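Colleague: need a structure here:
(8 chains, ligands or ions: 4)
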8 protein chains.
Amino acid sequence: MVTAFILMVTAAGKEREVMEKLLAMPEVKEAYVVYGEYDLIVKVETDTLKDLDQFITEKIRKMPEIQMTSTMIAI
Amino acid sequence: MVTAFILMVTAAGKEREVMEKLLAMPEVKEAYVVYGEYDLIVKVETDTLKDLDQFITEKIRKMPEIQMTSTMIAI
Amino acid sequence: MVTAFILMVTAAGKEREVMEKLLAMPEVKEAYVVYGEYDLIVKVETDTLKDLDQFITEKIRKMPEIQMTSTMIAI
Amino acid sequence: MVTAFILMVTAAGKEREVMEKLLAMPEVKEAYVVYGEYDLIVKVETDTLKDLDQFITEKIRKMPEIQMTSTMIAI
Amino acid sequence: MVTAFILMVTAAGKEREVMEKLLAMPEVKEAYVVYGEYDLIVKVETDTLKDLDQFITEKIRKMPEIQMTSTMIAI
Amino acid sequence: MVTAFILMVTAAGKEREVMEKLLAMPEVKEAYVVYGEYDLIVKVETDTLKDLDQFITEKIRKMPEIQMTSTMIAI
Amino acid sequence: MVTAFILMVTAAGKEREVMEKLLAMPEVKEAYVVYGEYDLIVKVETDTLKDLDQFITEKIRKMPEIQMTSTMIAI
Amino acid sequence: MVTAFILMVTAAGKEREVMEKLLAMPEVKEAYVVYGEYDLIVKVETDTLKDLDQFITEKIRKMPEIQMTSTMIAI
Ligand code: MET
Ligand code: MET
Ligand code: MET
Ligand code: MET
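Modeller: Residues are numbered from 1 along each chain as shown, chains lettered A, B, ... in the order given. Ligands and ions are numbered 1, 2, ... in the order given. Provided below are the atomic coordinates:
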């Protein structure tokens, strides 16, 4: 499987709204609101790299509340 | 007790109105518009880390004029 | 001749449409959506540095979906 | 006098519009479009620090086309 | 309790032997070698901020292999 | 009066002793050891910008335990 | 197939000789010495992500002249 | 001709003796010690990019005092 950590910036007053969307997703294993330039860090897992590609470009990046993301694929 | 400094980037031209809004908050002890990568520096004091957590999420991150923050907790 | 790579951050969910627009440009030889702080990596080739200058100002910086770039010129 | 360099990010397709505003200002000594995360770097001079404070918060930061700025005051 | 994610850059080729050391530390809940600007990411859990800062300056910053860290405290 | 905040990085284990030297300077109004990127945040005040330049370049920067400083002048 | 771009920082004066070693690897499709933050930009391809992990951690990162790498996997 | 601005961080307390050296270099058109993340900013002018990269790796990166540079080529 593929494990990845996604750092996210959400629109103001929407970080909780996004967390609630994420915590209902099978791929999300853990999610936290964090201090700093990023609002959240999310740990996700997919069977294949191709599924991760789809998840992030279709589910995450298309979420109206998300303004930016930086994903760190784990070895 | 918790003392922390929050450096923040605000929308160009909104730094002063944002500062006035923050200065009105009890948790805020000092606030200055500054030159550099950051536009505002705010000093806050809260009873607990949890209160600091909530100041960041329920107050700072709900203000659309604030774009990026960096929090440094006194230790 | 000039060869350069432009790494760019785009609005969440716009990376692919931006890429298709760039791929249509003659100066663009390759373009990939990538994981990490950047969302797109583009390889361009122009006759002169001045042409590279104009590609950045008249094309890249006029596209509202592109937010931040970093250009590395081959040497 | 006070000398400072201002790094600026402008709205897409407005960097030239901003340059034209800047090149008509007495305080601007030189201005350039630059590669990178910033669109322009501008060298300004004011008689006093107080005048710089006014110039940047009133003229620069209030310019509708400007999204962010980072000023480096010179010694 | 204090939960935090620490992003680290390590001496090239030393990332794994460093991770082993980290996974040995009780404060470390999970550790991964990652792709991107950072090479490692660990999720730490301490009882107090004091213990967290103490953990970094004693076990993290003391490891020669580790060249740079960025800490995001979870809320 | 010129007010400024200095973010300082000091040689490890010297944070406390450096702060005590700073607290002894009449230019220093506040000094805090903090957690994170920077080791210290210091609030200073001088009558003129000329004095601030001299104070930082001749005193602060000459302190052997201080490695980096990022001064943010206030409006 | 997995395609990725590696941004590399090498010990000064070793950029050219490192590139020639890279160009000799069948995983490497393109390599360029560039101006700026990074010294080299390298395009690589492998059949699986597992192979990429192995290639970067066992070959790339073990090269003595390579100091830092930031790999950006493509979608 | 190629015009570029180089931002540098220097060993604390060495910024001025370093600047003197820079002002001695013919490629250097102006140099200032600045407040902020960077300590120095120089405006360089060379005939070719080749000469610019050569200027940094020969005169800039070779100075021990200089710890970090960021280059913005002017368009
Ligand atoms: C892979 S879609 C755009 C990628 C983005 N930079 C991220 O890592 O989230
Ligand atoms: C001094 S108004 C806001 C300051 C901003 N960070 C700048 O240096 O341009
Ligand atoms: C995979 S070992 C360290 C990886 C490094 N951060 C890179 O992305 O190149
Ligand atoms: C004024 S000497 C170097 C100044 C440093 N960049 C600072 O802002 O603290």
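Colleague: for the helix or strand hosting residue A:16, list every residue counted as buried.
Modeller: Element membership of residue A:16 [criterion: DSSP states H and E] is helix A:15-22. Judged by neighbour count using 16 or more other Cβ atoms under 10 Å in any protein chain shown, the buried positions of helix A:15-22 are A:15, A:16, A:18, A:19, A:21, A:22. No exception for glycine: its C-beta is placed from N, CA and C like everyone else's.
Colleague: ok, the last one - contacts?
Modeller: Applying Cβ atoms under 8 Å, 6 or more residues apart in numbering or on different chains to residue A:22 gives the contacts A:28, A:31, A:40, A:42.
Colleague: okay, now the third one: neighbour count?
Modeller: To tie it back to what came earlier, the one meant is residue A:40. Residue A:40: 23 surrounding residues under other Cβ atoms under 10 Å in any protein chain shown.
Colleague: got the CA coordinates for stretch A:48-55 in PDB?
Modeller: What follows is stretch A:48-55, C-alpha atoms only, in PDB (Å, rounded to 0.1, in the frame of the first residue of the first chain):
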ATOM      1  CA  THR A  48      -1.800   1.700  -5.200                       C
ATOM      2  CA  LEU A  49       0.000   4.900  -6.200                       C
ATOM      3  CA  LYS A  50      -2.600   5.300  -9.000                       C
ATOM      4  CA  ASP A  51      -5.400   5.300  -6.400                       C
ATOM      5  CA  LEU A  52      -3.500   8.000  -4.400                       C
ATOM      6  CA  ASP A  53      -3.200  10.000  -7.600                       C
ATOM      7  CA  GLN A  54      -7.000   9.800  -8.000                       C
ATOM      8  CA  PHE A  55      -7.800  10.400  -4.400                       C
END
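Colleague: contacts for it, please.
Modeller: By Cβ under 8 Å, 6+ apart, the surrounding residues in contact with stretch A:48-55 are A:1, A:2, A:4, A:27, A:44, A:46, A:73, G:2, G:49, G:73, G:75.
Colleague: please name the bridge partners of the second one.
Modeller: In this structure, residue A:2 has beta-bridge partners residue A:46, where bridges are defined by DSSP bridges.
Colleague: contact partners for it?
Modeller: Residue A:2 touches A:45, A:46, A:47, A:48, A:49, A:51, A:52, A:73, A:74, G:49, counting by Cβ under 8 Å, 6+ apart.
Colleague: cool, the third one as well?
Modeller: Taking Cβ under 8 Å, 6+ apart as the definition of contact, the neighbours of residue A:4 are A:43, A:44, A:45, A:46, A:52, A:56, A:71, A:72, A:73, A:74, C:35.
Colleague: and the first one, by the same measure?
Modeller: By Cβ under 8 Å, 6+ apart, the residues touching residue A:1 are A:45, A:46, A:47, A:48.
Colleague: tell me the one of those residues nearest residue F:64?
Modeller: residue A:45 (49.0 Å; Cβ to Cβ).
Colleague: still on that earlier bit, select from the contacts of residue A:4 every entry located in helices.
Modeller: Among those, the members falling in helices (DSSP state H) are residue A:52.
Colleague: between the contacts of residue A:4, which is nearest ligand 4?
Modeller: residue A:72 (30.5 Å; Cβ to the nearest ligand atom).
Colleague: what helix or strand is residue A:6 on?
Modeller: Using DSSP H and E, residue A:6 falls in strand A:2-10.
Colleague: what does chain A put close to chain G?
Modeller: Residues of chain A found near chain G (Cβ under 8 Å from any Cβ of the partner chain) are A:2, A:49, A:53, A:57, A:73, A:75.
Colleague: what separates the last one from ligand 1, distance-wise?
Modeller: Meaning residue A:75. Counting by Cβ to the nearest ligand atom, to the nearest Å, the gap from residue A:75 to ligand 1 is 16 Å.
Colleague: please apply the same query to the fourth one.
Modeller: Using Cβ to the nearest ligand atom, we find residue A:57 at a distance of 5 Å from ligand 1.
Colleague: that residue: neighbour count?
Modeller: For residue A:57, the neighbour count with other Cβ under 10 Å is 17.
Colleague: Provide a list of residues in contact with it.
Modeller: Residue A:57 makes contact with C:13, C:15, C:16, C:33, G:75 under the criterion Cβ under 8 Å, 6+ apart.
Colleague: what angle do the strand holding residue A:6 and strand E:2-10 make?
Modeller: On the basis of axes from the mean of the first three to the mean of the last three Cα atoms, to 10 degrees, strand A:2-10 is oriented at 110 degrees to strand E:2-10.
Colleague: from the contacts of residue A:57, which is closest to chain F?
Modeller: Closest approach between the contacts of residue A:57 and chain F, by Cβ to the nearest Cβ: residue C:15, at 29.4 Å.
Colleague: list the contacts for that closest one?
Modeller: Counted by Cβ under 8 Å, 6+ apart, residue C:15 has contacts A:57, A:61, C:33, C:39, C:40.
Colleague: rerun at 7 Å
Modeller: Neighbouring residues of residue C:15 by Cβ atoms under 7 Å, 6 or more residues apart in numbering or on different chains: C:33, C:39, C:40.
Colleague: equivalent analysis for residue A:56, please.
Modeller: residue A:71.
Colleague: burial measure for residue A:48, as a count.
Modeller: 12.
Colleague: if we can go back for a sec, from the contacts of residue A:22, which single one is nearest residue H:67?
Modeller: residue A:40 (33.2 Å).
Colleague: OK, now which residue of chain A is nearest to ligand 1?
Modeller: Closest point on chain A to ligand 1, by Cβ to the nearest ligand atom, is residue A:71, at 3.1 Å.
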